[PDB]
Each structure stands twice: as C-alpha cells, then as structure tokens.
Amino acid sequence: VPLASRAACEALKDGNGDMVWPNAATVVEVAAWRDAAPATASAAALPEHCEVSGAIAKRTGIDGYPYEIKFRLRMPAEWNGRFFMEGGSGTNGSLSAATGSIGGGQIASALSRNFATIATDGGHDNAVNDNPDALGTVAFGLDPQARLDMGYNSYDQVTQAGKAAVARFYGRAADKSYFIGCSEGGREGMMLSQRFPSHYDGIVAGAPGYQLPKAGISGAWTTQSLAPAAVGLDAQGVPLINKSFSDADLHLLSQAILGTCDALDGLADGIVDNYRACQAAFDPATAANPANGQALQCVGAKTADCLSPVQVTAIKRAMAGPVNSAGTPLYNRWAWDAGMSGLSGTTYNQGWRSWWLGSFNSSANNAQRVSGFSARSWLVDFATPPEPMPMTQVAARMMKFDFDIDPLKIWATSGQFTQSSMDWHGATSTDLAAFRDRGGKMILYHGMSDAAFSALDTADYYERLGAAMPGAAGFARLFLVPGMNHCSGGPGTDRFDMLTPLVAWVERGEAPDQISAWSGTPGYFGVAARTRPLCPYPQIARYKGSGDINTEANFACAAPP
C-alpha cells in the first residue's frame, strides 16, 4: 500500500489491518479520502487529505452515562512534516471539524498550511452527556474518570493516537509538533508544557484558564459584590445582577479609564498600553468624567453622566478579587481597561459585561458567572463532591456562596473523586525545565479586558515562571492585548497569526521581539484599520512620535516610560 495514499488512509479503519494504536481501546469509525476544498469568504482552501475519526476507551461512567474520548485527525496527501493539535473551549464536549484553528480571528487553518491536524471533545459529548438533573452539558462532572479525561487524559490519549497514525500513514514521525488553544484551550497548552513536556515543541496558550476551578469563586464574589447595585429581582427572587450597570454606565466607566490612563503610554488613542501605570492611577471613586470635568461618582442623584456610590463600591469590590474571612486572596484582582465597554457605530461592546453582569435588557439573570455555564461548571465539575441542582437554583447558590467553606471544595477529594479539581484541571506548575531543555517554546497571550480569566493572573504566573527559571524569555513570552476581551473582540488589536512566529521560534530559534496585530473592529476608534505590535511582557507599544497612529511601523516595543 503506498504511503500517504487513499489506500493507506482506508487501511487505518480495518482493525484487522496492520495498524497498532498505543491505546488498545481505540475504535476507528471513519477513514475517508477528502478532495481539496476551495477557499470561501471565511476559510482558506483545504488540501486533499485523509480524515480519520473515532473514539478511545468507550465505557459506562458511575452515573450510568456513556463516555469515550473522540478524536478527528486530518493528514494531508502533501505534508509539511508538522503535527498540530487545536485546544478546546468552555467545558469541551464537542468535536470540531479538526482543520486546526490558530485563533486570532485568522482565515487560515493549520490544515490549509499542510500540517496534519487533530482535535478531541475531551472525553464527553454534549449531545449524550446532557443530564437535566446535573445542569445539562456540565454533567460529565458526576463521573470521576470523565473529570481526569477533561483535565489531562483526553489530550494525552489523542496526541499519542495522532502521532501513531502520522507514523503509519507517512512512514515517518512529525519533525515538530504544535499546539494552539485559547481559554480552556490555553489551560490545555499550559497543562501540556507542565505534565507532557515532549508532546509539543511549540505551544500557544491564549487567555489560559490555568486556575479554572477558581473561576466560580471569582463568580460568587463578583455576583455578591454587584448585588447591592442590582435593580429588581428575577423569578426566583435573586437580584438582577444584569441591571447593576447599563451599557451607557459601562461606557462612562471606560471613558473615565481613558481620561486617567490613555495618555500614560505617550499617545491619546483609545488604547491603554501602560496597563501597570493605569492600575496605579485609576480609582472610579475619585476619577473625573472627562466629558463634563466633574467626578465620575454621583454627588446627588444618579444621572447618565455619573455612577452612584453603590455602583462604584460594587465594581471596585468585584475587581479587587475574592478573599476569605482572614482576608486571604482566593484568585487575583482584575485590570481596569477601556475594553470593559467601547462603541462601534451604534453598538456597545457586550464582550466584558456578559461574564459578570449579563445582558441589561432582560428580566432574568444570564451572566456566565451568576446563572450561566461557568457557575454550573463550578458546581458539578470543580466542586468535590459535585453539587447537581435544578438550573433555577444556580444564581441563589452563587448569592449564598461562603468564602471560608465553598473554596475548600476545589482542593478536596471525596469517595470515588480521588483527585481534586486543582489536581486534574489546574496547571499552576512553573517547573518547565524539561519543556525548555528539549527546545520547547511557549507564546502566551491575554486580553487586558478579559472577564473570564484575569490578564493580571497570567502576568503573575509569568512573573513566578521568570523567578523559578532565570532567562525564561529565551523559551516563553507573554503578549498582553490592551482592550481585548476573552480570546477576541473589544477595542484593541485582537487579530494576529501566532503560528508563523511559533514555527520561527521552535525551528530557527527566532524569539518574537514583537507580534503584528490588527483590530477586528477598528470601528471602536472610528478608523478603517489599526495595526500595532504586541510586545513581550513587561514591554508595551510606544508611539515613535510621528506617522499614522494606526500603522504598526510607527510603534516600537519598550519599557513603560
């Protein structure tokens, strides 16, 4: 059977065929030859390739549901010798097209660049592991092994199955392996560098949820912090956290942040490049509304041009981060940034507020962290033992969350839950020497206006890494994105090709001194286009003093003033 052919492809199915899978419980459902597909308005052309899909470790969980680790692999006929895995998102449970997303709002897929590409659902399936008594598609959390699969094991099993298929199909191993993930996918990339250092040579970890079990602790905190500013009750009698601030209120706050913080980088441009000086300077309880030259905080009754003392107290407490009775921090604080709002044409940015507040225009709580996926995930996936409950109870549970008792549950084991959610899901280790010392390179990125995971918390991980590993910028660099929301969106340069510079760093030792980025919504600044350099932490973009402020070539990376 010739290598890299339709016959080699279809032979991967038989199971009586020659093919030897590292995991004996690997079942191939599909091995099909796929014709080249043209470019579309939204996707780069795909080459001719072999598509393999199936499942590892089919079983029944202790909840009585089916579990397996699905994968989908695409091996181009004409291969550049590179292997590529994409990361997940949310609580996973779906199996993408597996053409290899590189994020950063890119048109090009890794498969369109002649990589072999793989993806997984992470060990459960949203169509089948949907349990109306354990909050829907988070129900995989009732099964101890489904937790370990979600945390680390699925990515490991699928990486090995993929490299074995590559070696059989092409008759050689990949020259280099690359992983790109954002959010849950960025947690996965950091987990790979820590737990499986030789799985990937290059890793991009965007907005990484490396402490994801603490997300719901932040959520209980932001929920209780904002409840005083809430107006009205939902059907269960929970305050409408979504009514704490209107879109106009959040735009006023972002304008005040720009009034204090915009020019701290040397240029007034609707972007806070000097995020550190901003956190030192801005306090909404003393700052000016620069529209009217008066205090942001209302002196009399609430108007459109001010925030009430209760709103200011609420947002300051939410942003400060959760503490227990002892005043011990349980997560981290969040950065004040312009991307908490923004206006493009007639449209207010929803990309910050959807996490802690939800939609203003609603009679129900719909924030991720109040009643949505993130609050549900905490209760069933990260709390040990799990706390399944009707969906109508979730917001009340966040309101009565106890910061001395509930936070212990991400460190506990219980009955058949023999690892804590910090053990299986967390990726807090700074022991990266095995990764670095085999030639591994890691690009981290994070939007400053991310309300899922704190940019400042990624920066603190990076600080702890630099302290544990002198010269860390030789193998790992962090790119903070002023104005960007969770993975994409918001008034910043949220679009970039991370794969090109990753390949250059891994294969040529060329470290990214900067990464070109451009705004997906340049409407936020009223321009056609804005391109800026992303800078390796702790550097920021500095205007050179002349030229179009919308052109990258007029900016350099430097220490803050």
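So that there is no doubt, residue numbering starts at 1 and follows the sequence shown.
**Q** Tell whether, across the other compared PDB entries, at least a third have no coordinates for residue 551.
**A** Per the records, residue 551 is modelled in all the other entries.
**Q** Does a third or more of the other compared entries skip modelling residue 539?
**A** Comparison shows residue 539 kept in all of the other entries.
**Q** Using the B-factors recorded in the PDB entry, average over the C-alpha atoms of 320-328 and of 435-443, then report which stretch comes out higher.
**A** Averaged over C-alpha atoms, the B-factors run higher in 320-328.
**Q** Mind pulling up the entry and telling me whether 193-201 or 397-405 has the higher mean Cα temperature factor?
**A** The deposited B-factors put 397-405 ahead on the C-alpha mean.
**Q** Name the one of 211, 341, 421, 120 with the greatest CA B-factor according to the PDB entry.
**A** That would be 341, according to the entry.
**Q** Which has the highest CA B-factor per the PDB entry: 173, 231, 257, 468?
**A** Top of the list by C-alpha B-factor: 231.
**Q** Just say lowest, middle or highest third for the CA B-factor of residue 527 relative to the other modelled residues in its chain.
**A** As the PDB entry reports it, the C-alpha B-factor of residue 527 lands in the highest third of its chain.
**Q** Against its chain's modelled residues, does residue 60's Cα B factor rank lowest, middle or highest third?
**A** As the PDB entry reports it, the C-alpha B-factor of residue 60 lands in the highest third of its chain.
**Q** Pull the Cα B-factor of residue 497 out of the PDB entry and bin it into the chain's lowest, middle or highest third.
**A** Lowest third.
**Q** Against its chain's modelled residues, does residue 288's Cα B factor rank lowest, middle or highest third?
**A** Highest third.
**Q** Check where residue 514 lands among this chain's C-alpha B-factors and tell me if it's the lowest, middle or highest third.
**A** Middle third, going by the recorded CA B-factors of the chain.
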